[PDB]
*Asks:* 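The structure follows.
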Amino acid sequence: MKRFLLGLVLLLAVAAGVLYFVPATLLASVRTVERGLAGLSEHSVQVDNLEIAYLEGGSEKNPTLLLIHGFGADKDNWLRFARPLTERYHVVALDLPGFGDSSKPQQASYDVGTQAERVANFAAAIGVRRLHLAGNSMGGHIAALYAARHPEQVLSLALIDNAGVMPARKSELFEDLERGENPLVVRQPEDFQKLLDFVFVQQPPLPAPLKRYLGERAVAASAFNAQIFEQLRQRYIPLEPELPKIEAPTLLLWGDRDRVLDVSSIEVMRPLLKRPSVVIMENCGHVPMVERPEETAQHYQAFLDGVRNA
Ligand SMILES: CCCCCCCCO[C@@H]1O[C@H](CO)[C@@H](O)[C@H](O)[C@H]1O
Ligand SMILES: CCCCCCCCCCCCCC(=O)O
């Protein structure tokens with residue numbers, strides 16, 4: 001019957017629009033708003049034949065800040081943090097290979113050592129020779145290695161709840177791992193809210209339709225993310241022997257109630273760094289630059305002012 005088929009067309013039309021098209025445009029609209037408010041726009045560049053997506057803003061005449069997201073995250077983690085920075089800095093935030101909109105070759109290495117070399121190659125690819133680095137979690141682990149390996153390029157380093165040391169207190173993540181639980185890998189749609197609860201003390205407001213799509217995207221990425229996470233475990237590079245090689249002023253910034261990586265990490269790193277600064281934000285979780293962006297950016301600007309002003 002023509003009507004049964006016609007009705008079949010509309011039913012699929014509405015379903016395809018509801019299930020696929022509306023969520024995607026929703027994400028594109030929110031990205032448009034948050035990137036636009038931060039003065040950031042998206043580009044891509046091929047680095048060792050991998051497509052690396054990145055955001056860029058501010059004047060190229062100003063010093064470059066290169067921002068590196070953590071495990072399972074992407075460059076949009078940095079939008080609200082970057083907003084007060086693009087007035088005075090050339091801000092760049094990339095998607096690491098394996099994440100976001102960048103290439104994800106199935107057979108590549110995604111250890112932080114290999115990733116740190118890709119980031120250095122990326123900086124050269126966009127014509128940046130001297131820069132400030134900031135990295136969160138896995139991205140901080142990577143940023144620290146970049147700074148240790150290429151001291152001539154790095155003007156300052158900000159480690160925002162970075163991975164890479166073994167502190168006195170075992171974090172809730174590392175506790176979870178002993179029982180085969182990893183909140184950072186979202187297997188089921190309900191585990192996405194669990195991930196947010198795990199990394200935020202006070203979670204920023206998130207519209208329900210946007211949240212569900214983010215959760216769907218996280219589930220779709222979970223198998224590959226789990227494989228990368230296994231490489232981060234098996235190909236782990238301790239920072240303790242590397243930190244003394246860093247010449248740059250280094251900011252250690254933590255959320256005091258970080259459940260993923262413990263604040264006692266700072267006591268490991270501080271004695272090992274030539275020029276450490278410290279900020280511990282109160283009642284804050286693992287991603288201060290997302291949870292309290294303007295506050296975190298203000299601490300970072302203060303740090304940068306000191307680095308420049310003397
Ligand atoms: C919880 C993890 C971080 C969430 C980031 C929220 C991104 C979208 O957040 C929404 O954006 C709107 C316009 O930009 C705001 O006006 C809304 O209040 C906010 O819910
Ligand atoms: C512009 C809309 C993008 C929405 C961003 C949602 C925030 C993602 C939460 C992940 C936080 C980082 C987790 C980690 O570093 O381990």
Side-chain angles (χ1 to χ4, degrees), residues 43-55 66-78 92-126 128 131 133-154 157 159-166 171 173-174 176-177 180 182-187 195 217-243 245-246 260-261 265 286:
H43 308 274
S44 73
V45 60
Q46 298 167 346
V47 182
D48 291 319
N49 205 38
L50 304 188
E51 181 157 345
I52 300 193
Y54 65 100
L55 298 175
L66 175 58
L67 313 179
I68 312 175
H69 66 77
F71 174 81
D74 58 41
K75 61 198 182 301
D76 286 320
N77 266 212
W78 297 104
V92 178
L94 83 171
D95 288 335
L96 293 164
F99 303 96
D101 295 319
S102 289
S103 296
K104 306 174 182 64
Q106 191 68 217
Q107 298 304 128
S109 176
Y110 293 99
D111 69 275
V112 291
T114 306
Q115 291 282 49
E117 293 317 301
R118 297 191 179 113
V119 175
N121 292 341
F122 166 83
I126 60 165
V128 174
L131 47 53
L133 287 174
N136 170 245
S137 198
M138 179 194 70
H141 194 173
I142 290 162
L145 289 175
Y146 188 168
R149 291 169 175 180
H150 302 284
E152 76 284 355
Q153 298 179 32
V154 180
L157 171 67
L159 298 176
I160 301 174
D161 304 66
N162 62 289
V165 299
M166 282 173 279
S171 72
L173 170 66
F174 287 112
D176 286 348
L177 289 177
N182 185 358
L184 303 185
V185 176
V186 183
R187 307 286 192 170
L195 172 51
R217 293 168 56 85
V219 171
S222 60
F224 192 69
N225 281 349
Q227 152 179 164
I228 290 179
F229 195 89
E230 254 306 294
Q231 290 194 31
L232 294 174
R233 299 183 77 173
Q234 302 294 336
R235 305 177 197 192
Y236 178 82
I237 302 175
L239 283 182
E240 288 89 346
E242 310 306 325
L243 297 174
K245 298 172 186 172
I246 297 179
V260 188
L261 301 173
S265 293
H286 182 54

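Values reported hereafter were calculated over all heavy atoms of this structure, with side chains retained and with hydrogens, waters and symmetry mates removed. Numbers for residues simply follow the sequence, beginning at 1.
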*Asks:* Could you go through the ring-ring contact (aromatic ring centres under 6.0 Å, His included) check for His141 and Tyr236 one step at a time?
*Replies:* CA-CA 10 Å; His141 194 173; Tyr236 178 82; 5.7 Å; yes

*Asks:* Taking all non-hydrogen atoms of both residues into account, name the closest pair between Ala108 and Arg118 and its distance.
*Replies:* CB-NH2, 3.7 Å

*Asks:* Verify whether one side chain among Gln153 and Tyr146 offers a donor that lies under 3.5 Å from an acceptor in the other.
*Replies:*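 Side chains of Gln153 and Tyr146: pair found under 3.5 Å.
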
*Asks:* Using the salt bridge (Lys or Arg N to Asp or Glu O under 4.0 Å) criterion, which residues pair with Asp101? Sequence neighbours excluded.
*Replies:*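 With neighbours one apart ignored, the set is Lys75.
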
*Asks:* Taking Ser44 for its side chain and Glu51 for its backbone only, find out whether a donor-acceptor pair lies under 3.5 Å.
*Replies:*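 No.
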
*Asks:* Out of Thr114, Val112, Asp111, which residue meets the side chain to side chain contact (heavy atoms under 4.5 Å, CB included) rule with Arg235?
*Replies:*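 Single side chain to side chain contact (heavy atoms under 4.5 Å, CB included) partner of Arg235 among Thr114, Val112, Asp111: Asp111.
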
*Asks:* So does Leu96 get a backbone contact from the side chain of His69, meaning a donor-acceptor N/O pair under 3.5 Å?
*Replies:* yes

*Asks:* So which heavy atom on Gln115 is nearest to which on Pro97, and how close?
*Replies:* NE2-O, 2.9 Å

*Asks:* Can you sort out the partners of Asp76 under salt bridge (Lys or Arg N to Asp or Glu O under 4.0 Å), two or more places apart, ordered by chain and number?
*Replies:*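 Result, salt bridge (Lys or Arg N to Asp or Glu O under 4.0 Å) vs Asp76: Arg31, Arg35.
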
*Asks:* Is there a side-chain contact (heavy atoms from CB on, under 4.5 Å) between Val92 and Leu131 once you walk through the steps?
*Replies:* CA-CA 10 Å; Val92 178; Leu131 47 53; over 6 Å; no

*Asks:* Say whether, by atom type as modelled, one donor and one acceptor occur between the side chain of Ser171 and the main chain of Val260 under 3.5 angstrom.
*Replies:* yes

*Asks:* What are the two closest non-hydrogen atoms of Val186 and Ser222, and how far apart are they?
*Replies:*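 Scanning both residues completely, I find the closest heavy atoms to be O-CB, 3.1 Å.
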
*Asks:* How close do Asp74 and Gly100 get, heavy atom to heavy atom, and via which atoms?
*Replies:*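 Taking every non-hydrogen atom into account, CB-CA, 3.9 Å.
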
*Asks:* For ring-ring contact (aromatic ring centres under 6.0 Å, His included), just list the numbers for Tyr110 and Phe71, CA-CA rounded to whole Å, side-chain angles, deciding distance to a tenth of an Å, and then say yes or no.
*Replies:* CA-CA 11 Å; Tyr110 293 99; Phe71 174 81; over 10 Å; no

*Asks:* Without hydrogens or angle criteria, can the side chains of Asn136 and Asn77 be said to hold a donor-acceptor pair below 3.5 Å?
*Replies:*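 There is no such pair between these side chains.
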
*Asks:* Would you mind reporting whether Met138 and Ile142 have side-chain heavy atoms less than 4.5 Å apart?
*Replies:* yes

*Asks:* Indicate yes or no for a side-chain donor-acceptor contact from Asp48 to the backbone of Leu50 under 3.5 Å, with no hydrogens or angles considered.
*Replies:*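 A pair under 3.5 Å: no.
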
